[PDB]
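Q: First the structure, then my questions, so here it is.
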Amino acid sequence: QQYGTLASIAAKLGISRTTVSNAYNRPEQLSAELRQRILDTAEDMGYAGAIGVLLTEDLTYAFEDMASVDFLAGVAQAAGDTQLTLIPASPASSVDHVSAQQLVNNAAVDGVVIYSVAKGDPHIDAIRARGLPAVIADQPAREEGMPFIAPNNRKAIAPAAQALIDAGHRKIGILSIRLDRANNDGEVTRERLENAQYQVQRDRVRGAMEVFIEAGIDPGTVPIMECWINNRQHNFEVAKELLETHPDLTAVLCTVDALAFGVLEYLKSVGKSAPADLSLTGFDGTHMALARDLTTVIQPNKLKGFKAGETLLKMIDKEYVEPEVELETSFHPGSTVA
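According to PDB author numbering, the residues represented by the sequence shown are 7 to 53, 68 to 358, in order.
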């Protein structure tokens, strides 16, 4: 729309903004000819169902995890006057198909945007069994009949791990969020990582590790901790444990900006800061990350959401959509280098 629209219309016609307003709210205040002129001039100026989003997190996540809120803004922009229904799906390993299928079959939507769900998640199968048009964002990749939108994580993370190596860091630690259904906080074992169903996490860990290996670092020396639940409180805890357990670490590479902030809130509690005491990297590029000028990987989350919702709507409208789209990311040198 853009600010001052009524004033512009009045200016172009040499009348008052109230004159223009009356054309809309008080037609009787002016002649049928001036009303038409105001309306046409407005024209020259350019002046039904519901879709869902399956979140394998607590409904709060959609409003407290800033990366997800930027994504959803994007889905909100594609869907115009379309009702948007957030569907809270439990990520617990106890969930079976009957539970997932009842949740899904009771979602009053014409389509669903699957947001960052583990590969092999029973909700995915439930959606397929219902034949609900669906688009996937971030993960899971390679689902038949379900368009996929995401950046190449193994590659998008390279610039961050590389930046750490270029500053001569070798005692590096890694932090991640949920890697699998079976709950796990703290140390991540090779087995949990290798069998991780939460691609993105697994792939961002892998891509970073691949850059460290090329640097000479032996994988077994790089500690990897995780927090099953992604909270401000858990991000803090998992950061304390890693730095408290491996005090010799000079840098910490995070799979998500949130984790980096848990590392900053932790360093802060012990009088330290970053860099100086510790070099850290993030991934996402949230508004807060950029304000702190955190070294991180910028990901266009709002665009990812817009393409997601658009792809969904075109699907429901029997339009053509690309089966796979790779979103580009860009490294943000930031100021947590040293």
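All C-beta atoms in this analysis are idealised placements derived from N, C-alpha and C, irrespective of residue type, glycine included.
Assuming residue 346 is part of the beta strand (DSSP E), what are its boundary residues?
A: Start and end: 344 to 347.
Q: Check this for me: beta carbons of residue 272 and residue 300, under 8 Å apart or not?
A: Yes, they are a contact pair.
Q: Can you say whether residue 79 is buried or exposed, counting buried as having 16 or more other CB atoms within 10 angstroms of its CB?
A: Exposed, since its Cβ has fewer than 16 Cβ neighbours within 10 Å.
Q: Taking the alpha helix (DSSP H) that residue 135 belongs to, which residues open and close that run?
A: Careful: residue 135 lies outside any alpha helix (DSSP H), inside the beta strand (DSSP E) at 131 to 135.
Q: Within 10 angstroms of the Cβ of residue 352, are there 16 or more other Cβ atoms? Answer buried if so, exposed if not.
A: Flag for residue 352 reads buried.
Q: Determine which residues share a DSSP beta bridge with residue 318 and list them.
A: Note: residue 318 sits in a beta bridge opposite 304 and 350.
Q: Just verifying my parser: in three-state terms, what is the DSSP assignment at residue 208?
A: Reduced to three states, the DSSP call for residue 208 is coil.
Q: So what does residue 72 bridge to, in DSSP terms?
A: For residue 72, which the question treats as bridged, DSSP gives the partners 105 and 132.
Q: Reducing DSSP to helix, strand and coil, say where residue 94 ends up.
A: Here residue 94 sits in helix by DSSP.
Q: Along the chain, where does the alpha helix (DSSP H) containing residue 239 start, and where does it finish?
A: That residue, residue 239, is in no alpha helix (DSSP H); it is neither H nor E in DSSP.
Q: How about residue 95 and residue 26: do their beta carbons lie closer than 8 Å?
A: Not in contact: residue 95 and residue 26 (Cβ atoms no closer than 8 Å).
Q: Over the uninterrupted alpha helix (DSSP H) stretch that includes residue 84, give me the two end residues.
A: Looking at the DSSP string, the run of the alpha helix (DSSP H) that includes residue 84 is 81 to 84.
Q: Among residues of its own chain, excluding the 5 on either side of residue 75, which ones have a beta-carbon nearer than 7 Å to its beta-carbon?
A: Closer than 7 Å at Cβ, skipping near neighbours: 81, 82, 106, 107, 108, 109 and 135.
Q: Candidates 44, 7, 177 and 193: which alpha carbon is nearest residue 22's?
A: Considering only alpha carbons, the answer is 44.
Q: I need the straight-line Cα distance from residue 296 to residue 358, nearest angstrom please.
A: Approximately 7 Å, taken between the alpha carbons.
Q: In the DSSP assignment, what residue or residues form a beta bridge with residue 156?
A: DSSP, once it has assigned bridges, lists 134 and 168 as partnering residue 156.
Q: Taking just the CA atoms, how far does residue 158 sit from residue 344?
A: Going from the Cα of residue 344 to the Cα of residue 158 covers about 11 Å.
Q: Across which residues does DSSP place residue 245 in a beta bridge pair?
A: BP columns for residue 245 point to 195 and 207.
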